[PDB]
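Participant: return a 3D structure for these sequence lines:
(one chain, ligands or ions: 1)
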Amino acid sequence: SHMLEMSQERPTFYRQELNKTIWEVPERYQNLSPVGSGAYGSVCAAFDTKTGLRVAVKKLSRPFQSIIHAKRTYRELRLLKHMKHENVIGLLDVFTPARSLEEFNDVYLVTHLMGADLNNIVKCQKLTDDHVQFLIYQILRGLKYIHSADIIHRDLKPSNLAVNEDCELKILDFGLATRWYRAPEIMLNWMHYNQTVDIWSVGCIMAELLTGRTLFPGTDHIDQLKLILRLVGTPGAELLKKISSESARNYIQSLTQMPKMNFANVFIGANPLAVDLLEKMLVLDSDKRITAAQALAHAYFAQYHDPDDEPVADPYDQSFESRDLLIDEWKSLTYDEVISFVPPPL
Ligand SMILES: Nc1ccccc1Nc1ccc2c(c1)CCc1ccccc1C2=O
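Facilitator: Numbering: from 1, shown residues only. Structure as follows:
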């Protein structure tokens, strides 16, 4: 009760070659092998002998290359240390082989191994309506939590969604096939947007899960916008009066005017509740777009929705974002976050 530890032992590390480079990790982690071949950024699957589960270990080897990199490393670590939710990738461990700040260079992050991203899942099977309900439900459950912490993903897409063989899903890699899921207001920066940029992305993902194909496969920014307007219709005058960029307003007004298409004619053979939900997600007016919390209560998710089991996050203090610091200062803050990490219970 009042007994304290007067010291602590560093784990024993070992070295090995993986992806043509040396990985140095605690002996806790065994049988490492690369996954994704660079797609997700130096990630190895491993067996965690402590928790007795398969883990994914991600190595950051250039985290402090510049001020921009160092601040991003700090941001990502603070975010990941904060996220504690079934549908958001969080941290089982974070470590460095360094024995002091002086020898600090590499950061390794450890999370539960999922085994695929949603892209791989879509390629390997046609998902049933039940799969789609469950996958989208989990994305929205994760987003409710993330948004409640005043965090926006900003780049939600199938490759940022980890899925396991039990159809469980977690959201990976917060932002800030690359443009197809992006909200229009952030594609051509109309305005200081809101959290529902992520809901637009969910709508695009859900559509693809239902049809088996990309909803708006644009070849560039302008083409992408044209594909969007063809479905949702050209925005009215008042929707224009709300966006700030004069360049944007001018261009879209030169385009041929189009009415909102009938969504039932696009998402054929889909559950009518699914279609109705898509109509609430895929709207241009971000002040009218459904929220994650509102979407969770939509009848489409009647089988999964449980208001008592859709938790929100603790407030997330981002005051560090307003600081302008040197590489060594961001690096020191990051080191502090590494050594102060408290692992989840067993
Ligand atoms: N974001 C973060 C933070 C800490 C540690 C790791 C990660 N990033 C991860 C974690 C797990 C997985 C993937 C990326 C990529 C998708 C994928 C594809 C293929 C096989 C497995 C997995 C998968 O489980």
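Participant: leaving out the residues flanking it, which one is nearest to the closest residue to the ligand within the stretch 201-346 of the chain?
Facilitator: Nearest residue of the stretch 201-346 of the chain to the ligand, counting by CB to the nearest ligand atom: residue 341, 12.5 Å away. C-beta: built from backbone N, CA, C; applies to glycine. Leaving out its chain neighbours, the residue that sits closest to residue 341 by CB to CB, 6 or more residues apart in numbering is residue 94, at 5.1 Å.
Participant: assign a three-state SS to the one you found, would you?
Facilitator: Of the three states, residue 94 takes strand under DSSP: H, G, I helix; E, B strand; the rest coil.
Participant: residue contacts, it?
Facilitator: Shown in contact with residue 94 (CB atoms under 8 Å, 6 or more residues apart in numbering): 77, 80-81, 107-110, 337-338, 341.
Participant: filter these to the buried ones?
Facilitator: Neighbour counting by 16 or more other CB atoms under 10 Å classes 77, 80-81, 107-110, 337-338 among those as buried.
Participant: and the ligand, which of those contact it?
Facilitator: 109-110 (CB under 6 Å from any ligand atom).
Participant: the buried ones among the contacts of residue 94 in strands, which ones?
Facilitator: Counting by DSSP state E, the part of the buried ones among the contacts of residue 94 found in strands is 107-110.
Participant: wait, doesn't the residue of the stretch 201-346 of the chain closest to the ligand sit right on residue 81?
Facilitator: Yes. With contact defined as CB atoms under 8 Å, residue 341 reaches residue 81; the gap is 6.7 Å.
Participant: joint contacts of these two?
Facilitator: In contact with both residue 341 and residue 81: 91, 94, using CB under 8 Å, 6+ apart.
Participant: how about the nearest residue to residue 242, chain neighbours excluded?
Facilitator: That would be residue 191: by CB to CB, 6+ apart, it lies 7.0 Å from residue 242.
Participant: quick one: secondary structure of the one you found?
Facilitator: Secondary structure for residue 191, judged by three-state DSSP, is coil.
Participant: give me the number of residues near it?
Facilitator: 13 (other CB atoms under 10 Å).
Participant: so it sits against residue 244, correct?
Facilitator: Yes. Here residue 191 reaches residue 244: they are 5.2 Å apart, a contact under CB under 8 Å.
Participant: so which bits of the stretch 101-250 of the chain are right by the ligand?
Facilitator: Neighbours of the ligand within the stretch 101-250 of the chain, by CB under 6 Å from any ligand atom: 109-111, 113-117, 162, 172-173.
Participant: can we see that at 5 Å?
Facilitator: 109, 111, 113-115, 117, 162, 172 (CB under 5 Å from any ligand atom).
Participant: can you pick the most crowded of those?
Facilitator: Neighbour counts for those, by other CB under 10 Å, peak at residue 162, which reaches 25 neighbours.
Participant: pull out the buried residues from the longest helix seen in the chain.
Facilitator: Criterion DSSP state H: the longest helix present in the chain is helix 129-148. For helix 129-148, burial by neighbour count (16+ other CB under 10 Å) applies to 132-148.
Participant: one more: stretch 282-297?
Facilitator: The neighbour-count check on stretch 282-297 (16+ other CB under 10 Å) flags 282-284, 286, 289-293, 295-296 as buried.
Participant: which residues touch residue 315?
Facilitator: 149-150 are the contacts of residue 315 under CB under 8 Å, 6+ apart.
Participant: roughly how far apart are it and residue 150?
Facilitator: With the distance defined as CB to CB, to the nearest Å, residue 315 ends up 8 Å from residue 150.
Participant: can I get the contacts of residue 94 in a markdown table including distance to residue 158?
Facilitator: Below are the contacts of residue 94 laid out as a markdown table (distance: CB to CB, whole Å):
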| residue | distance to residue 158 |
| --- | --- |
| 77 | 25 |
| 80 | 21 |
| 81 | 26 |
| 107 | 27 |
| 108 | 26 |
| 109 | 22 |
| 110 | 24 |
| 337 | 30 |
| 338 | 31 |
| 341 | 30 |
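Participant: nearest to the ligand, of those residues?
Facilitator: residue 109 (3.6 Å).
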